[PDB]
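[1] PDB entry and its sequence, pasted below:
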Amino acid sequence: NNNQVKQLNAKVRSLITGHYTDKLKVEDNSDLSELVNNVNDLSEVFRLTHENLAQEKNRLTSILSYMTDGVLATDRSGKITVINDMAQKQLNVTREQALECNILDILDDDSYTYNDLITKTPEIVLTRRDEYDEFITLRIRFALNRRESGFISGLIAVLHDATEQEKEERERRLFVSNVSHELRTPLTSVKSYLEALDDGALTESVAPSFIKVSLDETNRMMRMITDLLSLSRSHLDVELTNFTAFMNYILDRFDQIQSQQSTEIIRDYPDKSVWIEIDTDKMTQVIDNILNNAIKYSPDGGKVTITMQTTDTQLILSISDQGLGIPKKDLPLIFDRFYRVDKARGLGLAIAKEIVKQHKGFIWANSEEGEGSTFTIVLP
Amino acid sequence: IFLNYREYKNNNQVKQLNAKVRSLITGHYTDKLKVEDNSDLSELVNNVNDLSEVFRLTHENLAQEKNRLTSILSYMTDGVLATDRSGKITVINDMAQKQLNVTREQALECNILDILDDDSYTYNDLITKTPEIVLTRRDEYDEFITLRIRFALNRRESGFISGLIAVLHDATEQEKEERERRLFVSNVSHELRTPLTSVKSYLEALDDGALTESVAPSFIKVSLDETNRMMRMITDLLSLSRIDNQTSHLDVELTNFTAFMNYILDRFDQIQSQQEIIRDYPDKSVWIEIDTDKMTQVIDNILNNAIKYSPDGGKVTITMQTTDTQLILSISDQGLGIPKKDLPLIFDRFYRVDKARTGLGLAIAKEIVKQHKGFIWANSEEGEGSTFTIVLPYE
C-alpha cells in the first residue's frame, strides 16, 4: 500500500526515462489498485501506439531508401533537409556533406530559389561527381511542398540519371557532324570531274578515266557512310599499292577541283615509286582531311608542300602549309573523337589519326604562327 | 479530526490521478495536477505530471518526422507505389494516382500485376527488379501518356523482403524527342545514300561499257545536278548540325527591314532570272535587330519553297506589316498548296509532301526564326495556295 506506491512510482519513473516495464500485479480491489491497473494498461496502450508510429515512419524512410531514383528536399530557404541514399550516390555526397549545403550549390548555374519556387523547373545538370573521368548527367525536376494553407514548406527535387541517353545523343549528333564534314571533299571532286566534263565528254583522251575516278569516289563515299554510322551504332582492309602513285591520284583530285573557279598551289615533293600495304580508301580519307585544313588555313594563294621520303622505318609523309596552327591548347585536342561536335566553333582529322593508328603508324604536327603547320605521318 | 481530512485529500488526489491516466489511455492530454507539497503522493502525482509531457513530446517529434516524409513522398514529381509480399498496392502517392487515373482507395484494391496483361510475376519481379515501359491513356483529352517504371527491392528493418517499390516516370516528351531524333539520323542515311546509289548507277553505266555514245551528256547532266543536290543537302545538314550543338549562335545588328527586304529581293530576282512574280508591300522604315545572314537564309529558303510550289505563274507575294509588338512577314503563293494533314508537319527535317525535286531548308528557316525569338507557320487551301507567316519582336 504505502509500498505499492513506491513500486508503481518506480514503474512510472521507468516509463519516463523511456524504459518500458511489465505490468504490476493488482493486489486487492483497492482504489489505487485501479490506478495500478490503469498505469499498466497505459504503458501497454502507448507502447502499441508507439511501435506503430515508428513502424510507419520506418516504412516510409525504407521506401525512400531502397528507391531507384534520387530524392532530396529543402526548407523554404533551400538548405538540404532530406536527401536519400540514391541522391547521395548520384551527387557524390553523404548525408553529412549534404545537410550543410543548398540546392543553389549545384554547379553554381545561376538560378534563384524564387525562380525555382515560381517555375517548378524541369532541368538538367552535368557533372563528374564520379571520381575519375567518368561523368554523370542528371535530370532534376522540382515540386512544391505546399501545405493546405498555401504555405511552401520547401522544395522537392527528384533526380533521374539520364547519363546514358545523353551519350546516345552525342553519338548521333556526332554522326551527323561527321557525315556532313567527311563527304565534303569527295563530293566536291565528283562535282569538279562531272562538271568540267559536262564540256569535254568527248575528248576520249581524258573522259574514260574521268568517269571512273568519279565512280570510284561515289563508291568510296558510300562505304564511308556505313563506316561513320557503325562508329556510333569501323573495319579495315589492306592491299599493296604504289604510294607515289597514290599521292598523285589524291593530289590530282584537288588539282582538278581548283581549276574552277573562285580563288593556292600544291607541289608534289615525292620522287617516283614507293610500294606499301595500306587501305586505299581510309588513307585517302586521311590525306584528304589533312590537305583540307592545310588549304583552309593557308593565306594568300597557297604554300602547301607534300613532301614524302622513304627509309628503313619506311614511309615518312609530310604536309606543310602557311598561316597559323598553335597554341598547344588546340594542338593536342584536334585528334580527339568528339572534337568536331563539342568544340567552340580547328577542323577535324581525329578519324584521320585513327585510320593512321589502325595502320600501326604515327601522326604528329608542329605549327607556329606566321610560319605554318606541318603534319607528319609515319607508315610501316 | 484533521486525520479524516488528510485521508480525504489523499483519496481525492488518487481519484484525480485515475482521471488523468484514464484520459491518457484514451489519447487525450489534460492539465498538470496540484502537487501536495510535500506529500509522497506529491512525488507520484508529479511523476505522472512529467510522464504525460514525455509521451507527448516523443509522439509529437516522431509524428513530425513521419509527416515530413509523408509529404515529401506524395508531393514529389514522380509516381511512387509500394506493395507487400503479395504485390497488392499498399502505397500510392498523388503523382502515381494521377499517372494511373485511380485513387488511393480504388488503388489499394489493386495488385501490381494489374496492368495490360503484363506477363510477369512478383516471384520473378523481385529477382530481376528490372524497369520497363507502359503506354497508357490514364489522362483526359486527346492525349496519351507513356511511363518508365523502375522496379526496386523493398525490405524491412530486418533483412527480410517487404515487397516491391515502383517509381513511374512520365517520360513521353523525352521519348518523343528520342524517337524523332533517331528517325533523323535514319533519314540522313537513306537520304544521302540514295543519291549516291543513283549517281553510282549512272557513272557505272558510263563505264561498264556504255561510256559516251548515246545518252552521255544526259548522264553527266543527271549525275551533276544530283551531286549538287547532295552538295546543298550536306551544307544544310552542317548548318542544322551547328544549330543542334548550340554552336551556331546569332549576330544581330539593328537594321531597316524594309530596305533589307528590297536588297534581298533584288538579289533574288537576279540570281533567279536566266532561263515567277515578286510583289512587295512594306515601304517605310522598320528598324529591328536581326542577323542579316541567317534571316536571308530564311527568306531565300521560303521563296525557293514558293517556287518549288508553282507551275509557272508563280505569283509570290511578299507582304509585311507591323503591329505595335510584332513585325509580320508573310510569303504567299498561288501554287499547289499543302494538305491540312501535312500542314503541322512541313517544317520537319526531310519532310516533303512529294519530292519530286532540299530537303531540310524549311527546317533551317523555322530554326533561325525561333533563334530570333519569333514564330513561323503555314496555311493552305490547296487553292489558292500555301502561305508562310513569320512573326518577329517589335518594330
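    That came through fine. Numbering: from 1, shown residues only, chains lettered A, B, ... in the order given.

[2] all strands for the stretch 51-200 of chain A, in order.
    With strands called from DSSP state E, counting those that start in this stretch, the stretch 51-200 of chain A shows them at A:70-75, A:80-83, A:122-127, A:136-144, A:154-161.

[3] Let me have those in CSV, extended by mean neighbour count.
    From N, CA and C alone the C-beta is placed, and that goes for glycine too. Conversion of the strands of the stretch 51-200 of chain A to CSV gives the following (neighbours: other C-beta atoms under 10 Å in any protein chain shown):
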stretch, mean neighbour count
strand A:70-75, 22
strand A:80-83, 21
strand A:122-127, 14
strand A:136-144, 19
strand A:154-161, 23
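
[4] Got the domain ranges for chain A?
    A:1-65, A:66-163, A:164-233, A:234-380 (curated CATH domains).

[5] nearest to residue A:5, of the strands of the stretch 51-200 of chain A?
    Among the strands of the stretch 51-200 of chain A, the nearest to residue A:5 by C-beta to C-beta is strand A:80-83 (46.1 Å).

[6] quick revisit: closest to residue B:302 out of the domains of chain A?
    With respect to residue B:302, and counting by C-beta to C-beta, the nearest of the domains of chain A is domain A:164-233 at 22.7 Å.

[7] which helix of chain A spans the most residues?
    Counting residues, the longest helix found in chain A (DSSP state H) is helix A:33-66.

[8] Identify each buried residue in that one, please.
    Under the neighbour-count criterion of 16 or more other C-beta atoms under 10 Å in any protein chain shown, helix A:33-66 has A:33-40, A:42-43, A:46, A:50, A:53, A:57, A:59-66 buried.

[9] Give me the subset of those residues that also touch chain B.
    Applying C-beta under 8 Å from any C-beta of the partner chain to the buried residues of helix A:33-66, one finds that A:34-35, A:38-39, A:42, A:46, A:50, A:53, A:57, A:59-64, A:66 fall near chain B.

[10] mind listing what residue A:259 touches?
    Applying C-beta atoms under 8 Å, 6 or more residues apart in numbering or on different chains, we find residue A:259 in contact with A:192, A:196.

[11] any idea how far chain B is from it?
    For residue A:259, the distance to chain B equals 16 Å [C-beta to the nearest C-beta, to the nearest Å].

[12] cool, residue A:305 as well?
    Where chain B is concerned, residue A:305 sits at a distance of 29 Å (C-beta to the nearest C-beta).

[13] Report the secondary structure state of that residue.
    strand (DSSP: H, G, I helix; E, B strand; the rest coil).

[14] Excluding residues flanking it in the chain, which one is nearest it?
    In space, residue A:305 comes closest to residue A:320 once its chain neighbours are excluded; the distance is 4.1 Å by C-beta to C-beta, 6 or more residues apart in numbering or on different chains.

[15] Residue A:254 against residue A:290, yeah?
    No: using C-beta atoms under 8 Å, residue A:254 is not in contact with residue A:290; the gap is 11.5 Å.

[16] So those two - more neighbours on which side?
    residue A:290 (28 against 21; other C-beta atoms under 10 Å in any protein chain shown).

[17] Buried by neighbour count: which residues of whichever strand or helix holds residue A:14 qualify?
    Element membership of residue A:14, judged by DSSP states H and E, is helix A:2-16. Using 16+ other C-beta under 10 Å as the test for burial, helix A:2-16 gives A:4, A:5, A:8, A:9, A:11, A:12, A:13, A:15, A:16.

[18] Which other helices and strands does it contact?
    helix A:33-66, helix B:41-75 (3 or more C-beta pairs under 8 Å, 6 or more residues apart in numbering or on different chains; DSSP states H and E).

[19] do you know which of those helices lies nearest residue A:104?
    Nearest of these (C-beta to C-beta): helix B:41-75, 19.6 Å.

[20] Would you pull up how far that closest one lies from the middle of the chain?
    45 Å (C-alpha atoms, centre = their mean, to the nearest Å).

[21] and the direction of that helix versus that of helix A:2-16, what angle?
    Angle, helix B:41-75 to helix A:2-16, by axes from the mean of the first three to the mean of the last three C-alpha atoms, to 10 degrees: 20 degrees.

[22] And for the residue of the stretch 251-380 of chain A found nearest chain B, the neighbour number?
    Closest to chain B within the stretch 251-380 of chain A is residue A:341: 5.7 Å, counting by C-beta to the nearest C-beta. Applying other C-beta under 10 Å, we find 18 residues neighbouring residue A:341.

[23] quick one, what contacts it?
    With C-beta under 8 Å, 6+ apart, residue A:341 has these contacts: A:170, A:173, A:174, A:177, B:245.

[24] so what's residue A:346 closest to, chain neighbours aside?
    residue A:334 (4.8 Å).

[25] Burial check on that neighbour, number of neighbours?
    19.

[26] got the contact list for it?
    Contacts for residue A:334 (C-beta under 8 Å, 6+ apart) come out as A:346, A:347, A:348, A:349, A:350.

[27] Quick check, the last one in contact with residue A:337.
    Read that as residue A:350. Yes: proximity of residue A:350 to residue A:337 meets the contact threshold set by C-beta under 8 Å, at 5.4 Å.
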